[PDB]
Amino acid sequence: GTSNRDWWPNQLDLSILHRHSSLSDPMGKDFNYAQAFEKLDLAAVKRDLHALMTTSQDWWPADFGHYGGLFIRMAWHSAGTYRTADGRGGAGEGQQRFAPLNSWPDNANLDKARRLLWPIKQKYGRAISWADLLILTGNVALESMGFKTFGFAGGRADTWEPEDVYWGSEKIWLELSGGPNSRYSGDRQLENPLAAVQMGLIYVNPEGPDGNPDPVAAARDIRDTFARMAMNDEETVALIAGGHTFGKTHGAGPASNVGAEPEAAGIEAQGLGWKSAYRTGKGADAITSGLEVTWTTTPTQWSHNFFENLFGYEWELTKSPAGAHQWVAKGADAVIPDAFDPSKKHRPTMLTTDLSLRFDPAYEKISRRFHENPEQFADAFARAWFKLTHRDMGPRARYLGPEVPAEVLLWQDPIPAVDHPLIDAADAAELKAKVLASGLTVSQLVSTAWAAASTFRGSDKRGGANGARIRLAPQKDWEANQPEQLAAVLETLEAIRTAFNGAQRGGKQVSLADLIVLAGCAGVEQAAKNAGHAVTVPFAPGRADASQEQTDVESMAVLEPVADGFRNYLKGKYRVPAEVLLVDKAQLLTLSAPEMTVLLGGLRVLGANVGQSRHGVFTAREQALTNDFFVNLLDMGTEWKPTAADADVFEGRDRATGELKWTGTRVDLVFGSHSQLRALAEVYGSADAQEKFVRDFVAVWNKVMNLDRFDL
């Protein structure tokens, strides 16, 4: 069947805002995974998982009769899709059990890994998510082979359809770089937001850059793809050496033997794939990467044997049975155990990407420190493992169960405890009134509250107003946040805070993070009153103020908005049409198209635009909450033409007189161009729509103010 996407390939795709509907979710609408998981017998699951580790199934026999390695690869892949650029991928959604991830090349035979876990999933049911299970299984594999994990958090709720993610433009799996959809430019610049070197790879090519077996080169890819997945040099080394401490690769024969990935397989494959015609096609004849490396002498036990082999040998270029570039210790004793035949033994082996830890100068200082001190190694790897598998879970208030590390880590963008009485309705009222009495404008209040709350992304549940980090580096010096304006607003708000807090009894006081949002709420009430409408904007206190010290300034950089359709803001020129970038920002803010539309409309007329630009400000009554944006946008009496100066700026002229009425961007005009968006603009541009616009707007305003409030 021919689709709108066939006919009109370049059109906005809005479907991405409308995933995770009550329709696709088989759980009741009242279902709460947190409440389900906090009555789970976590101990009882881990015992089942421990037993599993050494209970081989003939359809996928365990290497060394212990699955631990397989399950560490599986949990590491589940978490290793994650890009800091957008916070998309990661373990958090369990998105490995769905297309495309479930059928990537790098995720080959993890289908068997998950299939092994069905009977434990089946047993415990809704009380443990697949998403929690995939991580917990990795943690139990490590514990079962004598490694102390740093902790575990439940509360990764299952999703029920594929995340809509940009994995790349490439139309061939594992396509080498230089192609018609090359993700590499310049001096090997990997394109944002991508954090892999090839379509269907987790991070880098184990044979080396585009198969070139040079461990210096490879280290460039490893540093890059890992920095892009939140991991520094030390964390990278800990994670690679720590993992490649366990199990083995599988390359027993040619790759040509392997059949269709799960999404392509027969119906009768019941969701498995890479069915192999090579001998038994499993256990000792298993093909997965096509490489045949077994790293340590105790593949099913925590050791420091990896770095021992690594440093204690010289290494020779060789080819797996599948024809794949790997390395073998030159003139070594057959010390490494076979996985299935106790009589055979193999020389030590390495990937190009393992030698990277040795031959990259900066990795080598870290690798040698860990070699000499396997207790430093074991602590790094544990911390790195925790971070890896919890990077995308959001604030510590989400973390469920009895194994949550009590140590607060910098990467968790931590929020101080609240020790004191919160402000009540009467207080909120008093403070809103004080904000307005100050002389702060609707536009200053609404712009500040927006800049603060709009850093949130449900992708990795980072950002949001909580913690007042807009007052700190680097949020407070972001172009989009109008630094000098922000400075005055905040300096004014902090006087109101100091006064209010100074007058209080019973140790009651208000965070600056509460007041920035209260102020932005005062501004929306004033704006409604400006349009002759008395509304109360909802407000939930209990935010706290993170310090500059509680804030990693490097980790904060990916949360900088460089496109904000809601502030008619572009920082530079992009391949991507601004309107596509708008749908992106809206996805991250968790907004439906109806919510995106009502929100952008109100903001334009509230003066939320960056630099008080007139683009999209389709009102004569600015700082009044009205549906002017839509009425004016959809007015056939106006005619719209691209400017001579700027093709992405438009003049709206009276169709009769040729009088200039309005200017606007693609972000503004798309609401009267896009079939489905115009349809929505129409509802809010209709005569009967003043009440519904104001009501919907306060709603999606409150939703964005509360995006990062998991403490409720």
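Sequential numbering from 1, following the sequence displayed.
Between 323 to 331 and 354 to 362, it is 323 to 331 that carries the larger average Cα temperature factor according to the deposited entry. As listed in the deposited structure, the average C-alpha B-factor of 230 to 238 and of 281 to 289 is greater for 281 to 289. Residue set 564, 224, 375, 86: peak C-alpha B-factor at 224 (per PDB entry). Between the residues 529, 469, 115, 347, it is 347 that shows the highest Cα B-factor in the PDB record. Compared with the other modelled residues of the chain, the Cα B-factor recorded for residue 42 ranks in the lowest third.
The entry lists a Cα temperature factor for residue 678 that places it in the lowest third of the chain's modelled residues. The entry lists a Cα temperature factor for residue 205 that places it in the middle third of the chain's modelled residues. When the CA B factors of the chain's modelled residues are split into thirds, the value for residue 539 lands in the middle one. The entry lists a Cα temperature factor for residue 175 that places it in the highest third of the chain's modelled residues.
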